[PDB]
Amino acid sequence: XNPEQXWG
Amino acid sequence: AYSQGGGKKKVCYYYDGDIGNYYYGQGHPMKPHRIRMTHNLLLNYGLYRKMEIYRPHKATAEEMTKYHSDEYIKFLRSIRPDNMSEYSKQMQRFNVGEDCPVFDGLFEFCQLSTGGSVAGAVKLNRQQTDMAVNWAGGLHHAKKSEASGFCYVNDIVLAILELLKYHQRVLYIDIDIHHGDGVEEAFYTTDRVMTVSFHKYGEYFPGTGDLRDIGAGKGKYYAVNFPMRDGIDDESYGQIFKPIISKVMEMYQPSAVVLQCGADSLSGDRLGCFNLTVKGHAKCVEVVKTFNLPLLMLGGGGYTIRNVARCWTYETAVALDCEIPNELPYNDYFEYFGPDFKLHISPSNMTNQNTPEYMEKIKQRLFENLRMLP
Ligand code: NA
Ligand code: NA
Ligand SMILES: [Zn+2]
């Protein structure tokens with residue numbers, strides 16, 4: 001859920 | 001026998017002064033400091049005079065293993081930044097080390113977040129309060145044997161398991177912008193817990209929550225998902241929240257309610273793409289409040305922390321039926337609330353991609369499934 005990092 | 005369901009409700013509020021010191025890491029959007037900002041703000045509003053404030057206990061590994069696996073809880077008990085190298089395999093197995101990092105006091109933070117939710121459930125079970133509030137709770141993404149979406153231990157599932165000792169049917173409502181997958185997954189095959197989640201859906205974490213997901217087995221038609229698009233506002237949200245919850249209350253008739261009040265559905269959230277104001281967000285609390293059922297209010301998402309403090313402060317006042325002025329009182333974090341220093345926020349100019357016909361169409365399909373209840 002974090003757009004700045006990963007796929008979350 | 002003269003009761004009519006109204007009146008001011010008894011509110012018990014759970015907060016540990018150590019919760020604000022836990023730190024997810026540099027640049028991580030989840031900031032437990034928002035809970036301390038919330039507490040300090042409502043203290044300066046004087047809301048401590050209208051409710052009972054409790055410090056929750058640190059929930060034990062035995063309490064957490066009522067849902068979570070022994071191995072996963074044992075890992076959370078043991079993992080520390082100074083021994084991460086030796087746990088490189090188990091970190092990937094339990095989805096820890098990226099979105100859900102290892103930080104100092106991780107297990108203690110889980111104990112405090114979970115302790116408030118289970119203590120509030122016990123208080124409600126003992127019929128010693130109308131509402132229990134744990135803004136450190138609401139970590140709805142945690143799975144039985146893995147962390148997810150900044151959540152490690154699912155305080156909601158544990159609190160609902162506590163409520164199920166004395167309540168036949170428990171209703172869970174999730175207004176976090178993300179789908180409450182961890183709660184829905186835990187109770188997907190039982191009709192004793194009905195989960196209702198409103199969330200942005202489509203190229204968005206966690207990728208679940210399709211409206212065609214309605215439960216399985218005895219739990220079929222006891223999972224309700226309202227998928228939404230970017231930029232929903234107060235009017236669109238309010239036009240479908242009350243009618244859907246009203247129909248759920250009529251068909252399901254629960255004896256206890258758990259409301260996850262995730263604040264990342266507010267306008268301007270660092271991770272969210274909704275356009276709700278604090279008043280529009282808080283109207284959900286008022287609607288659930290009216291049905292006069294034992295209610296556990298939890299926190300959750302929220303990553304523009306000044307708006308998170310505004311939202312959970314106002315919704316505590318709503319639970320207390322206390323009108324508080326728009327002018328923010330002075331507090332330990334006054335500078336966070338510039339340049340206006342007001343309690344309420346205004347929406348953005350973003351486009352509401354949820355057309356009124358879309359909202360009515362989704363609502364009508366959910367009413368079909370709600371007709372399938374006995
Ligand atoms: Na949600
Ligand atoms: Na269910
Ligand atoms: Zn969220």
# chains A, B, ... in the order shown; residues from 1 in each chain; ligands from 1

call {"tool": "interface_residues", "arguments": {"of": "chain A", "to": "chain B", "cutoff": "7 Å", "atoms": "only C-alpha atoms", "output": "list in words"}}
result
residues 1, 2 and 8 of chain A

call {"tool": "residues_near_ligand", "arguments": {"ligand": "ligand 3", "cutoff": "9 Å", "atoms": "only C-alpha atoms and all ligand atoms", "output": "list in words"}}
result
residues 1 of chain A; 139, 140, 141, 149, 175, 176, 177, 178, 179, 180, 199, 205, 262, 263, 264, 265, 271, 272, 300, 301, 302 and 303 of chain B

call {"tool": "residues_around", "arguments": {"residues": "residue B:238", "least_positions_apart": "4", "cutoff": "9 Å", "atoms": "only C-alpha atoms", "output": "CSV table (one decimal) with N, CA, C and O atoms, in the first residue's frame"}}
result
chain,number,residue,atom,x,y,z
B,233,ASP,N,-16.6,11.4,-2.3
B,233,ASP,CA,-16.8,12.6,-1.4
B,233,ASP,C,-17.8,12.2,-0.4
B,233,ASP,O,-18.4,11.1,-0.3
B,234,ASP,N,-18.1,13.2,0.5
B,234,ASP,CA,-19.0,13.0,1.6
B,234,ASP,C,-20.4,12.6,1.2
B,234,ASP,O,-21.0,11.7,1.7
B,242,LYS,N,-25.3,4.7,5.1
B,242,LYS,CA,-26.5,4.5,6.0
B,242,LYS,C,-27.5,3.5,5.4
B,242,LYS,O,-27.9,2.6,6.2
B,243,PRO,N,-27.9,3.5,4.1
B,243,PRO,CA,-28.8,2.5,3.6
B,243,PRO,C,-28.3,1.1,3.7
B,243,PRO,O,-29.0,0.1,4.0
B,280,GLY,N,-17.6,14.0,7.0
B,280,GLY,CA,-18.1,12.8,6.2
B,280,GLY,C,-17.7,11.5,6.7
B,280,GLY,O,-18.4,10.5,6.7
B,281,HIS,N,-16.4,11.4,7.2
B,281,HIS,CA,-15.9,10.2,7.8
B,281,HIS,C,-16.6,9.9,9.1
B,281,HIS,O,-17.0,8.8,9.3
B,283,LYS,N,-19.6,10.8,10.0
B,283,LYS,CA,-21.0,10.5,9.9
B,283,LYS,C,-21.2,9.0,10.0
B,283,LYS,O,-22.3,8.5,10.4
B,284,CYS,N,-20.2,8.2,9.6
B,284,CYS,CA,-20.3,6.7,9.7
B,284,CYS,C,-20.4,6.3,11.1
B,284,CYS,O,-21.1,5.4,11.5

call {"tool": "residues_around", "arguments": {"residues": "residue B:5", "least_positions_apart": "5", "cutoff": "12 Å", "atoms": "only C-alpha atoms", "output": "ChimeraX atom specification"}}
result
/B:130,289-294

call {"tool": "closest_residue", "arguments": {"among": "B:55, B:31, B:220, B:143", "to": "ligand 2", "atoms": "only C-alpha atoms and all ligand atoms"}}
result
B:220

call {"tool": "residues_near_ligand", "arguments": {"ligand": "ligand 2", "cutoff": "10 Å", "atoms": "only C-alpha atoms and all ligand atoms", "output": "VMD selection string"}}
result
chain B and resid 169 to 172 183 to 196 214 to 224

call {"tool": "closest_residue", "arguments": {"among": "B:3, B:225, B:307, B:145", "to": "ligand 1", "atoms": "only C-alpha atoms and all ligand atoms"}}
result
B:225

call {"tool": "residues_around", "arguments": {"residues": "residue B:319", "least_positions_apart": "6", "cutoff": "9 Å", "atoms": "only C-alpha atoms", "output": "number ranges by chain"}}
result
B: 8-11, 131, 285-286, 289

call {"tool": "residues_around", "arguments": {"residues": "residue B:228", "least_positions_apart": "4", "cutoff": "10 Å", "atoms": "only C-alpha atoms", "output": "number ranges by chain"}}
result
B: 177, 198-202, 210-211, 232, 237, 274, 353-354, 358-359, 362

call {"tool": "write_last_selection", "arguments": {"atoms": "N, CA, C and O atoms", "output": "PDB file, in the first residue's frame"}}
result
ATOM      1  N   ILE B 177      -9.725   2.889   3.759  1.00  0.00           N
ATOM      2  CA  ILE B 177      -9.763   2.932   2.303  1.00  0.00           C
ATOM      3  C   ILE B 177      -9.349   1.598   1.700  1.00  0.00           C
ATOM      4  O   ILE B 177      -9.665   1.319   0.538  1.00  0.00           O
ATOM      5  N   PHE B 198     -15.950  -1.147   2.998  1.00  0.00           N
ATOM      6  CA  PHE B 198     -15.988  -0.155   1.933  1.00  0.00           C
ATOM      7  C   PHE B 198     -14.553   0.237   1.617  1.00  0.00           C
ATOM      8  O   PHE B 198     -13.788   0.572   2.527  1.00  0.00           O
ATOM      9  N   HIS B 199     -14.184   0.189   0.339  1.00  0.00           N
ATOM     10  CA  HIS B 199     -12.776   0.327  -0.002  1.00  0.00           C
ATOM     11  C   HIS B 199     -12.619   0.683  -1.472  1.00  0.00           C
ATOM     12  O   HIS B 199     -13.473   0.361  -2.302  1.00  0.00           O
ATOM     13  N   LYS B 200     -11.511   1.355  -1.774  1.00  0.00           N
ATOM     14  CA  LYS B 200     -11.080   1.527  -3.154  1.00  0.00           C
ATOM     15  C   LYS B 200     -10.621   0.187  -3.713  1.00  0.00           C
ATOM     16  O   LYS B 200      -9.909  -0.571  -3.046  1.00  0.00           O
ATOM     17  N   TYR B 201     -11.038  -0.114  -4.941  1.00  0.00           N
ATOM     18  CA  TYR B 201     -10.785  -1.419  -5.536  1.00  0.00           C
ATOM     19  C   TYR B 201     -10.361  -1.250  -6.986  1.00  0.00           C
ATOM     20  O   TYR B 201     -10.967  -0.472  -7.728  1.00  0.00           O
ATOM     21  N   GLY B 202      -9.326  -1.986  -7.384  1.00  0.00           N
ATOM     22  CA  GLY B 202      -8.783  -1.876  -8.722  1.00  0.00           C
ATOM     23  C   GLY B 202      -7.390  -1.287  -8.720  1.00  0.00           C
ATOM     24  O   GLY B 202      -7.224  -0.078  -8.528  1.00  0.00           O
ATOM     25  N   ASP B 210     -13.519  -7.776  -3.957  1.00  0.00           N
ATOM     26  CA  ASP B 210     -14.488  -7.732  -5.043  1.00  0.00           C
ATOM     27  C   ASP B 210     -15.886  -7.939  -4.477  1.00  0.00           C
ATOM     28  O   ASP B 210     -16.079  -8.706  -3.530  1.00  0.00           O
ATOM     29  N   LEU B 211     -16.869  -7.239  -5.050  1.00  0.00           N
ATOM     30  CA  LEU B 211     -18.231  -7.355  -4.539  1.00  0.00           C
ATOM     31  C   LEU B 211     -18.806  -8.750  -4.745  1.00  0.00           C
ATOM     32  O   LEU B 211     -19.805  -9.095  -4.106  1.00  0.00           O
ATOM     33  N   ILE B 232     -14.049   9.622  -4.064  1.00  0.00           N
ATOM     34  CA  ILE B 232     -15.390   9.667  -3.493  1.00  0.00           C
ATOM     35  C   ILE B 232     -15.452  10.752  -2.424  1.00  0.00           C
ATOM     36  O   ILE B 232     -14.476  10.997  -1.701  1.00  0.00           O
ATOM     37  N   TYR B 237     -20.526   9.023  -0.377  1.00  0.00           N
ATOM     38  CA  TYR B 237     -20.310   8.032   0.672  1.00  0.00           C
ATOM     39  C   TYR B 237     -21.510   7.947   1.608  1.00  0.00           C
ATOM     40  O   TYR B 237     -21.952   6.850   1.969  1.00  0.00           O
ATOM     41  N   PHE B 274      -9.160   8.897  -1.704  1.00  0.00           N
ATOM     42  CA  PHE B 274     -10.526   9.328  -1.462  1.00  0.00           C
ATOM     43  C   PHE B 274     -10.548  10.831  -1.186  1.00  0.00           C
ATOM     44  O   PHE B 274      -9.510  11.494  -1.136  1.00  0.00           O
ATOM     45  N   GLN B 353     -14.620   9.808  -9.398  1.00  0.00           N
ATOM     46  CA  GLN B 353     -14.849   8.799 -10.424  1.00  0.00           C
ATOM     47  C   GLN B 353     -15.943   7.811 -10.047  1.00  0.00           C
ATOM     48  O   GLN B 353     -16.186   6.863 -10.800  1.00  0.00           O
ATOM     49  N   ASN B 354     -16.604   8.008  -8.908  1.00  0.00           N
ATOM     50  CA  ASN B 354     -17.755   7.202  -8.507  1.00  0.00           C
ATOM     51  C   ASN B 354     -19.006   7.966  -8.925  1.00  0.00           C
ATOM     52  O   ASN B 354     -19.509   8.817  -8.191  1.00  0.00           O
ATOM     53  N   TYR B 358     -23.159   4.556 -10.632  1.00  0.00           N
ATOM     54  CA  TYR B 358     -22.298   3.476 -10.159  1.00  0.00           C
ATOM     55  C   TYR B 358     -22.606   3.132  -8.707  1.00  0.00           C
ATOM     56  O   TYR B 358     -22.716   1.955  -8.344  1.00  0.00           O
ATOM     57  N   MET B 359     -22.749   4.155  -7.860  1.00  0.00           N
ATOM     58  CA  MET B 359     -23.032   3.919  -6.448  1.00  0.00           C
ATOM     59  C   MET B 359     -24.385   3.247  -6.260  1.00  0.00           C
ATOM     60  O   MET B 359     -24.528   2.347  -5.423  1.00  0.00           O
ATOM     61  N   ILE B 362     -24.081  -0.612  -7.535  1.00  0.00           N
ATOM     62  CA  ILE B 362     -23.404  -1.485  -6.578  1.00  0.00           C
ATOM     63  C   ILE B 362     -24.283  -1.722  -5.356  1.00  0.00           C
ATOM     64  O   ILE B 362     -24.385  -2.849  -4.855  1.00  0.00           O
TER      65      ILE B 362
END

call {"tool": "residues_around", "arguments": {"residues": "residue B:71", "least_positions_apart": "6", "cutoff": "10 Å", "atoms": "only C-alpha atoms", "output": "ChimeraX atom specification"}}
result
/B:65,77,90,94,145

call {"tool": "write_last_selection", "arguments": {"atoms": "N, CA, C and O atoms", "output": "compact mmCIF listing (two decimals), in the first residue's frame"}}
result
# COMPACT_ATOMS: atom_id res chain seq x y z
N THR B 65 -2.30 -16.15 20.27
CA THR B 65 -2.44 -17.45 19.61
C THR B 65 -3.86 -17.99 19.64
O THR B 65 -4.08 -19.12 19.20
N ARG B 77 7.88 -12.59 18.73
CA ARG B 77 8.45 -12.45 20.07
C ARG B 77 9.97 -12.34 20.02
O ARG B 77 10.57 -11.68 20.87
N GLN B 90 13.00 -16.87 7.96
CA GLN B 90 11.71 -16.74 8.62
C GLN B 90 11.08 -15.38 8.35
O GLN B 90 9.85 -15.26 8.35
N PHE B 94 7.13 -15.06 7.05
CA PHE B 94 6.08 -14.34 7.76
C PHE B 94 5.87 -12.93 7.22
O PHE B 94 5.21 -12.12 7.88
N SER B 145 -0.80 -16.31 9.93
CA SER B 145 0.60 -16.69 10.02
C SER B 145 1.52 -15.77 9.22
O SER B 145 2.61 -16.19 8.82

call {"tool": "atom_distance", "arguments": {"atom1": "atom CA of residue B:157", "atom2": "atom CA of residue B:105"}}
result
22.1 Å

call {"tool": "select_by_dssp", "arguments": {"residues": "stretch 74-175 of chain B", "states": "strand (DSSP E)", "output": "MDAnalysis selection string"}}
result
chainID B and resid 131:134 170:174

call {"tool": "atom_distance", "arguments": {"atom1": "atom CA of residue B:117", "atom2": "atom CA of residue B:38"}}
result
17.0 Å

call {"tool": "closest_residue", "arguments": {"among": "B:269, B:173, B:346, B:257", "to": "ligand 1", "atoms": "only C-alpha atoms and all ligand atoms"}}
result
B:173

call {"tool": "atom_distance", "arguments": {"atom1": "atom CA of residue B:25", "atom2": "atom CA of residue A:6"}}
result
15.2 Å

call {"tool": "closest_residue", "arguments": {"among": "B:340, B:174, B:146, B:63", "to": "residue B:241", "atoms": "only C-alpha atoms"}}
result
B:174

call {"tool": "closest_residue", "arguments": {"among": "B:311, B:261, B:318, B:84", "to": "ligand 1", "atoms": "only C-alpha atoms and all ligand atoms"}}
result
B:261

call {"tool": "decode", "arguments": {"residues": "chain A", "atoms": "C-alpha atoms", "output": "compact mmCIF listing (two decimals), in the first residue's frame"}}
result
# COMPACT_ATOMS: atom_id res chain seq x y z
CA UNK A 1 0.00 0.00 0.00
CA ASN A 2 2.89 2.18 -0.17
CA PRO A 3 3.29 3.49 -3.73
CA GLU A 4 6.81 4.82 -3.09
CA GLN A 5 8.09 1.31 -2.29
CA UNK A 6 7.22 -2.28 -3.18
CA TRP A 7 3.84 -3.70 -4.19
CA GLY A 8 1.85 -2.91 -1.04
